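Under PDB author numbering, the first residue of the sequence shown is numbered 1, with each subsequent residue one higher. Where a beta carbon is used, it is the ideal one built from N, C-alpha and C, also for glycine. To start, the structure itself, in structure tokens.
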Amino acid sequence: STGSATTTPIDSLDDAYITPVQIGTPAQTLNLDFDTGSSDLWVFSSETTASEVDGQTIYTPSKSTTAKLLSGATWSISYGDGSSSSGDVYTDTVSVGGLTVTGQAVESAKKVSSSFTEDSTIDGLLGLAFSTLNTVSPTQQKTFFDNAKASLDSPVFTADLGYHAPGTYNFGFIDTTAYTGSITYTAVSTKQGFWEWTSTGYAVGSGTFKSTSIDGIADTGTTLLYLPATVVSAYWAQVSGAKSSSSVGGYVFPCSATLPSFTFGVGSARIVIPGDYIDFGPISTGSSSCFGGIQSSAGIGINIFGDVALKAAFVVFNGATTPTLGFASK
Numbered sequence: 001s002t003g004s005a006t007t008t009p010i011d012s013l014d015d016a017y018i019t020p021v022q023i024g025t026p027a028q029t030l031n032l033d034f035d036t037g038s039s040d041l042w043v044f045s046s047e048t049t050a051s052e053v054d055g056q057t058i059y060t061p062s063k064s065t066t067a068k069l070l071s072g073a074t075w076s077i078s079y080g081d082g083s084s085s086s087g088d089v090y091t092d093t094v095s096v097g098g099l100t101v102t103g104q105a106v107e108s109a110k111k112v113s114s115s116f117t118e119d120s121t122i123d124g125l126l127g128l129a130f131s132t133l134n135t136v137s138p139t140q141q142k143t144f145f146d147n148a149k150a151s152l153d154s155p156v157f158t159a160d161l162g163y164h165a166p167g168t169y170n171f172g173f174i175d176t177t178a179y180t181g182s183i184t185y186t187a188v189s190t191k192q193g194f195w196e197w198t199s200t201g202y203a204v205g206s207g208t209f210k211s212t213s214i215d216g217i218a219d220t221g222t223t224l225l226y227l228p229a230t231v232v233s234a235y236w237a238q239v240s241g242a243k244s245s246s247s248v249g250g251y252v253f254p255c256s257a258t259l260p261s262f263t264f265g266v267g268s269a270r271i272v273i274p275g276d277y278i279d280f281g282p283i284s285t286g287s288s289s290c291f292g293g294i295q296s297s298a299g300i301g302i303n304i305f306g307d308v309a310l311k312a313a314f315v316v317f318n319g320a321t322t323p324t325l326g327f328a329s330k
């Protein structure tokens, strides 16, 4: 089997991407944030505290003839941005772009933090990291990809995120029309539960490539590109007037600037992030200070190849017995 679903930016900055997912019988379609940095499929639901729902579409398990309460199971998750959610668990039929998994754990939110309530466009998350990170207790549950893997034509999924435009998540096949050149594959460590890999270096604009190992995670659920402070300083030094602002929470730059590109290495290959992809717009409405798309990871503990980086590539998440990642230009 295969599946193919369009993913759409939630706003004009590409702050996140939503993909429609069918849950239950008859289908209830919710728009989920596919997150290769986490491993829970959780949804706003009929059980979510009413004051914490503000425009999201909810899953109502009582209206699904295939929903079954997973007795005794609970979940609770906290994300790198400080947001969180928790609740109980059903199993139900879940389909993505024509690919169906029966008995998928659907984690029903009883509580969500304010950032989730405040984002009416995201109805939940669909985690695509390794199932060892799944938070369901006392019996850990498998991701949608893990459940579908054996049925897929090939044990892979691909992320093709658009810049200010829709893109595609495919399951079970590699669309050879979706990228240019060849796909360069690189080793993955699953030791932290992430799609963790080592970039071979970087360049700023037309500058020379610096060969240096940068360990980080391919994370579709993180908006920006978080890299070591040395690398980020070297990038922003090429932008007149850019500075790190403690009050804003990162590098800002004059909105009148033209940003340089940023290149990252994948083995001997190179992925170029155009400068425009690094502009996240005014820090507040009407400001002429703009927020940068490349930020320091120094306060995180890990480097994160988020959407800013991934949207410049066609990315293969290869879930073979030894997983690998592939990157192509497009």
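(1) Is there contact here, the segment 130-147 with the segment 88-107, by at least three beta-carbon pairs under 8 Å?
(2) Please report the residue range of the alpha helix (DSSP H) in which residue 114 lies.
(3) Where residue 326 and residue 159 are concerned, what is the direct C-alpha to C-alpha distance, given to the nearest angstrom?
(4) In the DSSP assignment, what residue or residues form a beta bridge with residue 45?
(5) Measuring alpha carbon to alpha carbon, tell me which of 273, 220, 203 and 8 ends up nearest residue 316.
(6) Quick one: what does DSSP say residue 71 is sitting in, helix, strand or coil?
(7) Using 8 Å for Cβ pairs, my map puts residue 35 next to residue 125. What's the rounded Cβ distance?
(8) For residue 210, list the residues DSSP reports as bridge partners.
(9) Excluding the 5 residues preceding and the 5 following residue 49 in the sequence, name in chain order all residues of the same chain whose CB lies nearer than 7 Å to its CB.
(10) For residue 151 and residue 300, I'd like the C-alpha separation in whole angstroms.
(11) Report back the beta-carbon spacing between residue 19 and residue 7 to the nearest angstrom; my notes put them in contact at under 8 Å.
(12) Between the alpha carbons of residue 66 and residue 74, how many angstroms are there, rounded?
(13) Along the chain, where does the alpha helix (DSSP H) that runs through residue 233 open and close?
(14) In this structure, does DSSP put residue 5 in helix, strand or coil?
(15) Whole angstroms is fine: what's the gap from residue 80's alpha carbon to residue 212's?
(16) On the DSSP letters alone, give me the boundaries of the beta strand (DSSP E) that residue 160 sits inside.
Result, derived from the coordinates:
(1) Three or more beta-carbon pairs drawn from the segment 130-147 and the segment 88-107 are found closer than 8 Å, and the two stretches are therefore classed as touching.
(2) From DSSP, the alpha helix (DSSP H) with residue 114 extends over 114-117.
(3) Taking the straight line from one Cα to the other gives about 10 Å.
(4) Looking at the DSSP assignment, residue 45 forms a beta bridge with 59.
(5) The shortest C-alpha separation from residue 316 is found at 220.
(6) Looking at residue 71 - three-state DSSP - the assignment turns out to be strand.
(7) About 5 Å separates the two Cβ atoms, so the contact holds.
(8) Its beta-bridge partners are 202.
(9) Counting only Cβ-Cβ distances below 7 Å, and skipping sequence neighbours, we find 110 and 111.
(10) So the two alpha carbons sit approximately 36 Å from each other.
(11) Between residue 7 and residue 19 the Cβ distance is about 4 Å, and since that is below 8 Å, they are a contact.
(12) Looking at the backbone, the Cα of residue 66 and that of residue 74 are separated by about 19 Å.
(13) Boundaries of the alpha helix (DSSP H) around residue 233: 229-236.
(14) Reduced to three states, the DSSP call for residue 5 is strand.
(15) So the alpha carbons of these two residues sit roughly 25 Å apart.
(16) Taken as a continuous stretch (DSSP letters only), the beta strand (DSSP E) holding residue 160 covers 156-160.
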